[PDB]
Structures are given as structure tokens and as C-alpha cells.
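So this one's upload_11.pdb, PDB, C-alpha atoms:
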```pdb
ATOM      1  CA  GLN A   1       0.000   0.000   0.000  1.00  0.00           C
ATOM      2  CA  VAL A   2       1.070   3.592  -0.670  1.00  0.00           C
ATOM      3  CA  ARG A   3      -0.035   7.032   0.555  1.00  0.00           C
ATOM      4  CA  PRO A   4       0.112   9.809  -2.053  1.00  0.00           C
ATOM      5  CA  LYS A   5       1.406  13.292  -1.225  1.00  0.00           C
ATOM      6  CA  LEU A   6      -1.249  15.991  -1.255  1.00  0.00           C
ATOM      7  CA  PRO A   7      -1.122  17.383  -4.830  1.00  0.00           C
ATOM      8  CA  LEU A   8      -1.268  13.820  -6.230  1.00  0.00           C
ATOM      9  CA  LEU A   9      -4.037  12.912  -3.768  1.00  0.00           C
ATOM     10  CA  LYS A  10      -6.105  15.875  -4.981  1.00  0.00           C
ATOM     11  CA  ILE A  11      -5.761  14.607  -8.578  1.00  0.00           C
ATOM     12  CA  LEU A  12      -6.906  11.126  -7.551  1.00  0.00           C
ATOM     13  CA  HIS A  13      -9.882  12.551  -5.614  1.00  0.00           C
ATOM     14  CA  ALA A  14     -10.879  14.695  -8.603  1.00  0.00           C
ATOM     15  CA  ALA A  15     -11.094  11.418 -10.557  1.00  0.00           C
ATOM     16  CA  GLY A  16     -13.367   9.715  -8.022  1.00  0.00           C
ATOM     17  CA  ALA A  17     -10.894   8.086  -5.631  1.00  0.00           C
ATOM     18  CA  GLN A  18     -11.764   8.004  -1.925  1.00  0.00           C
ATOM     19  CA  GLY A  19      -9.481   7.922   1.121  1.00  0.00           C
ATOM     20  CA  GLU A  20      -5.730   8.297   1.598  1.00  0.00           C
ATOM     21  CA  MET A  21      -4.189   4.842   1.167  1.00  0.00           C
ATOM     22  CA  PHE A  22      -4.129   2.887  -2.116  1.00  0.00           C
ATOM     23  CA  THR A  23      -2.486   0.056  -3.996  1.00  0.00           C
ATOM     24  CA  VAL A  24      -0.279   1.141  -6.924  1.00  0.00           C
ATOM     25  CA  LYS A  25      -2.875  -0.497  -9.208  1.00  0.00           C
ATOM     26  CA  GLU A  26      -5.547   1.836  -7.756  1.00  0.00           C
ATOM     27  CA  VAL A  27      -3.311   4.905  -8.181  1.00  0.00           C
ATOM     28  CA  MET A  28      -2.727   4.023 -11.830  1.00  0.00           C
ATOM     29  CA  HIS A  29      -6.433   3.449 -12.323  1.00  0.00           C
ATOM     30  CA  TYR A  30      -7.409   6.866 -10.970  1.00  0.00           C
ATOM     31  CA  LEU A  31      -4.663   8.665 -12.890  1.00  0.00           C
ATOM     32  CA  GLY A  32      -6.198   7.248 -16.088  1.00  0.00           C
ATOM     33  CA  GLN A  33      -9.643   8.330 -14.900  1.00  0.00           C
ATOM     34  CA  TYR A  34      -8.298  11.849 -14.218  1.00  0.00           C
ATOM     35  CA  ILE A  35      -6.866  12.155 -17.719  1.00  0.00           C
ATOM     36  CA  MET A  36     -10.324  11.302 -19.044  1.00  0.00           C
ATOM     37  CA  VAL A  37     -12.281  13.618 -16.650  1.00  0.00           C
ATOM     38  CA  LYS A  38     -10.026  16.529 -17.629  1.00  0.00           C
ATOM     39  CA  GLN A  39      -9.971  15.448 -21.297  1.00  0.00           C
ATOM     40  CA  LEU A  40      -6.213  15.702 -21.502  1.00  0.00           C
ATOM     41  CA  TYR A  41      -5.577  13.026 -24.118  1.00  0.00           C
ATOM     42  CA  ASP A  42      -5.626  13.816 -27.846  1.00  0.00           C
ATOM     43  CA  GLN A  43      -8.875  12.486 -29.341  1.00  0.00           C
ATOM     44  CA  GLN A  44      -6.980  12.019 -32.624  1.00  0.00           C
ATOM     45  CA  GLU A  45      -3.845  10.395 -31.164  1.00  0.00           C
ATOM     46  CA  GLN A  46      -5.046   8.718 -28.014  1.00  0.00           C
ATOM     47  CA  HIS A  47      -1.723   7.658 -26.470  1.00  0.00           C
ATOM     48  CA  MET A  48      -0.684  11.334 -26.264  1.00  0.00           C
ATOM     49  CA  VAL A  49      -1.517  13.273 -23.086  1.00  0.00           C
ATOM     50  CA  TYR A  50      -1.265  17.084 -23.085  1.00  0.00           C
ATOM     51  CA  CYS A  51      -1.007  18.219 -19.480  1.00  0.00           C
ATOM     52  CA  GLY A  52       0.413  21.774 -19.791  1.00  0.00           C
ATOM     53  CA  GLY A  53      -1.539  24.190 -17.602  1.00  0.00           C
ATOM     54  CA  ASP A  54      -2.922  21.291 -15.520  1.00  0.00           C
ATOM     55  CA  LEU A  55      -1.722  20.358 -12.027  1.00  0.00           C
ATOM     56  CA  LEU A  56      -0.703  17.010 -13.538  1.00  0.00           C
ATOM     57  CA  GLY A  57       1.786  18.757 -15.855  1.00  0.00           C
ATOM     58  CA  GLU A  58       3.199  20.646 -12.856  1.00  0.00           C
ATOM     59  CA  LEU A  59       3.857  17.369 -10.979  1.00  0.00           C
ATOM     60  CA  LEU A  60       5.341  15.692 -14.069  1.00  0.00           C
ATOM     61  CA  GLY A  61       7.461  18.696 -15.052  1.00  0.00           C
ATOM     62  CA  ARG A  62       6.165  18.195 -18.607  1.00  0.00           C
ATOM     63  CA  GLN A  63       3.767  19.751 -21.146  1.00  0.00           C
ATOM     64  CA  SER A  64       3.006  16.339 -22.660  1.00  0.00           C
ATOM     65  CA  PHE A  65       3.820  12.655 -22.429  1.00  0.00           C
ATOM     66  CA  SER A  66       2.978   9.456 -24.266  1.00  0.00           C
ATOM     67  CA  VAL A  67       1.495   6.294 -22.758  1.00  0.00           C
ATOM     68  CA  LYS A  68       4.124   4.557 -24.950  1.00  0.00           C
ATOM     69  CA  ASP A  69       6.879   6.281 -22.873  1.00  0.00           C
ATOM     70  CA  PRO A  70       5.555   6.474 -19.329  1.00  0.00           C
ATOM     71  CA  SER A  71       8.975   7.231 -17.793  1.00  0.00           C
ATOM     72  CA  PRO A  72       8.086  10.781 -16.614  1.00  0.00           C
ATOM     73  CA  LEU A  73       4.910   9.379 -15.021  1.00  0.00           C
ATOM     74  CA  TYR A  74       6.855   6.721 -13.146  1.00  0.00           C
ATOM     75  CA  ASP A  75       9.448   9.300 -11.992  1.00  0.00           C
ATOM     76  CA  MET A  76       6.582  11.400 -10.601  1.00  0.00           C
ATOM     77  CA  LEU A  77       5.041   8.442  -8.815  1.00  0.00           C
ATOM     78  CA  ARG A  78       8.332   7.492  -7.193  1.00  0.00           C
ATOM     79  CA  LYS A  79       8.568  11.045  -5.787  1.00  0.00           C
ATOM     80  CA  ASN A  80       4.917  11.351  -4.769  1.00  0.00           C
ATOM     81  CA  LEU A  81       4.014   7.971  -3.220  1.00  0.00           C
ATOM     82  CA  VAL A  82       5.045   7.237   0.347  1.00  0.00           C
ATOM     83  CA  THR A  83       5.500   3.479   0.819  1.00  0.00           C
TER      84      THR A  83
ATOM     85  CA  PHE B   1      -7.092   6.069 -24.553  1.00  0.00           C
ATOM     86  CA  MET B   2      -8.230   3.511 -22.033  1.00  0.00           C
ATOM     87  CA  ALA B   3      -7.132   0.563 -24.201  1.00  0.00           C
ATOM     88  CA  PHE B   4      -3.618   2.045 -24.054  1.00  0.00           C
ATOM     89  CA  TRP B   5      -3.730   3.146 -20.417  1.00  0.00           C
ATOM     90  CA  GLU B   6      -4.957  -0.129 -19.011  1.00  0.00           C
ATOM     91  CA  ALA B   7      -2.105  -1.846 -20.870  1.00  0.00           C
ATOM     92  CA  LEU B   8       0.593  -0.226 -18.731  1.00  0.00           C
TER      93      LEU B   8
END
```
Here is the file; what I need is its structure written in the form of C-alpha cells.
Amino acid sequence: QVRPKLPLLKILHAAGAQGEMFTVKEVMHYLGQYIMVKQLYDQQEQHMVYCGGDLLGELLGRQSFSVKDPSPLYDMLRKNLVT
Amino acid sequence: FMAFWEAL
């Protein structure tokens, strides 16, 4: 089980997550749900996520990322999940 | 999107 830091927790809650403690599988699930709630993926190139000007981009340190190269996402999670 | 995301 992991406990997200507050900015990441707010993202998960905005996507429908409840509580403070999660499995990594649950964190990944609600990050995907957040990207869809905020409509951050490109409808015409659906592996591309454009997160500039969103809190998610601020945590990632990126304007965009691809689901085919999730390395910046994993770097963020390592920094923002307390295990 | 979800087809790709759930494949991680």
C-alpha cells in the first residue's frame, strides 16, 4: 500500500478516488480516470496526453507525455508515493 | 485512450 502526497491525492480525488491509502494499481487506475475527466488526451492520437496548464503537468514537469513512454509518469510516482 | 492506459 502507498499514501500519495497531497497534490497527487487531490488529482486522484478529482477522478473519483476516496481515502488516503491505495495500492499502486488503484493509483494508476485513478490517474487514467483523471486524464479522461479533464480530457487531456488527444482524441486524434489517443496515447498522447497534453497536461500543460494542468496540475498534472506541474507534478510531471512536462507539457506532454505518451502512454508509450511512461517514464516521466513513473518518476513522478516514485517522488509522490510514500511506501 | 483507455485501451492504451490499461495496458501499462
Item to check | Selected residue of minimal separation from chain B among A:48, A:9, A:14, A:55, counting only C-alpha atoms | outcome: A:48
Checklist entry - Just so the selection is clear, what residues does the PyMOL selection byres ((chain B and resi 4) around 12) cover here, as a VMD selection string? => result (chain A and resid 32 41 45 to 49 66 to 70) or (chain B and resid 1 to 3 5 to 8)
Next on the checklist: I'd like the contact shell of residue 63 (chain A) - 9 Å cut-off, all atoms listed in the file, skipping same-chain residues fewer than 4 positions apart - returned as a ChimeraX atom specification.
Outcome noted: /A:49-54,57-58
Serialized selection, C-alpha atoms, as an mmCIF file, in the coordinates of the input:
```cif
data_model
loop_
_atom_site.group_PDB
_atom_site.id
_atom_site.type_symbol
_atom_site.label_atom_id
_atom_site.label_comp_id
_atom_site.auth_asym_id
_atom_site.auth_seq_id
_atom_site.Cartn_x
_atom_site.Cartn_y
_atom_site.Cartn_z
ATOM 1 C CA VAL A 49 -1.517 13.273 -23.086
ATOM 2 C CA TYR A 50 -1.265 17.084 -23.085
ATOM 3 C CA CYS A 51 -1.007 18.219 -19.480
ATOM 4 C CA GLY A 52 0.413 21.774 -19.791
ATOM 5 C CA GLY A 53 -1.539 24.190 -17.602
ATOM 6 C CA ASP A 54 -2.922 21.291 -15.520
ATOM 7 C CA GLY A 57 1.786 18.757 -15.855
ATOM 8 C CA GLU A 58 3.199 20.646 -12.856
#
```
Next on the checklist: What's the separation between CA of residue 36 (chain A) and CA of residue 1 (chain A), in Å to one decimal place?
Outcome noted: 24.4 Å
Next on the checklist: Running the PyMOL selection byres ((chain A and resi 20) around 12) on this model by hand, what would come out? Give it as a ChimeraX atom specification.
Outcome noted: /A:1-6,8-13,17-19,21-23,26-27,81-82
Checklist entry - By how many Å are CA of residue 73 (chain A) and CA of residue 60 (chain A) apart? => result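 Distance between the two atoms: 6.4 Å.
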Next on the checklist: Using Å and a single decimal, report how far CA of residue 74 (chain A) sits from CA of residue 31 (chain A).
Outcome noted: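 Spanning CA of residue 31 (chain A) to CA of residue 74 (chain A) is a straight-line distance of 11.7 Å.
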Checklist entry - From the list A:35, A:62, A:75, A:83, which residue is nearest chain B when using only C-alpha atoms? => result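 Of A:35, A:62, A:75, A:83, the one nearest chain B, counting only C-alpha atoms, is A:35.
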Start from the incomplete input, build N, CA and C atoms for chain B, and deliver everything as a PDB file, keeping the file's coordinate frame.
```
ATOM      1  N   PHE B   1      -7.915   5.765 -25.734  1.00  0.00           N
ATOM      2  CA  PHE B   1      -7.092   6.069 -24.553  1.00  0.00           C
ATOM      3  C   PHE B   1      -7.066   4.996 -23.504  1.00  0.00           C
ATOM      4  N   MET B   2      -8.233   4.524 -23.085  1.00  0.00           N
ATOM      5  CA  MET B   2      -8.230   3.511 -22.033  1.00  0.00           C
ATOM      6  C   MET B   2      -7.596   2.238 -22.477  1.00  0.00           C
ATOM      7  N   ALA B   3      -7.760   1.795 -23.700  1.00  0.00           N
ATOM      8  CA  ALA B   3      -7.132   0.563 -24.201  1.00  0.00           C
ATOM      9  C   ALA B   3      -5.624   0.683 -23.979  1.00  0.00           C
ATOM     10  N   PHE B   4      -5.045   1.872 -24.287  1.00  0.00           N
ATOM     11  CA  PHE B   4      -3.618   2.045 -24.054  1.00  0.00           C
ATOM     12  C   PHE B   4      -3.292   2.138 -22.594  1.00  0.00           C
ATOM     13  N   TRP B   5      -4.037   2.963 -21.835  1.00  0.00           N
ATOM     14  CA  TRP B   5      -3.730   3.146 -20.417  1.00  0.00           C
ATOM     15  C   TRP B   5      -3.779   1.883 -19.599  1.00  0.00           C
ATOM     16  N   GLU B   6      -4.838   1.107 -19.808  1.00  0.00           N
ATOM     17  CA  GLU B   6      -4.957  -0.129 -19.011  1.00  0.00           C
ATOM     18  C   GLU B   6      -3.908  -1.160 -19.356  1.00  0.00           C
ATOM     19  N   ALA B   7      -3.179  -0.943 -20.456  1.00  0.00           N
ATOM     20  CA  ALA B   7      -2.105  -1.846 -20.870  1.00  0.00           C
ATOM     21  C   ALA B   7      -0.802  -1.556 -20.217  1.00  0.00           C
ATOM     22  N   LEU B   8      -0.680  -0.527 -19.399  1.00  0.00           N
ATOM     23  CA  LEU B   8       0.593  -0.226 -18.731  1.00  0.00           C
ATOM     24  C   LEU B   8       0.958  -1.315 -17.748  1.00  0.00           C
TER      25      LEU B   8
END
```
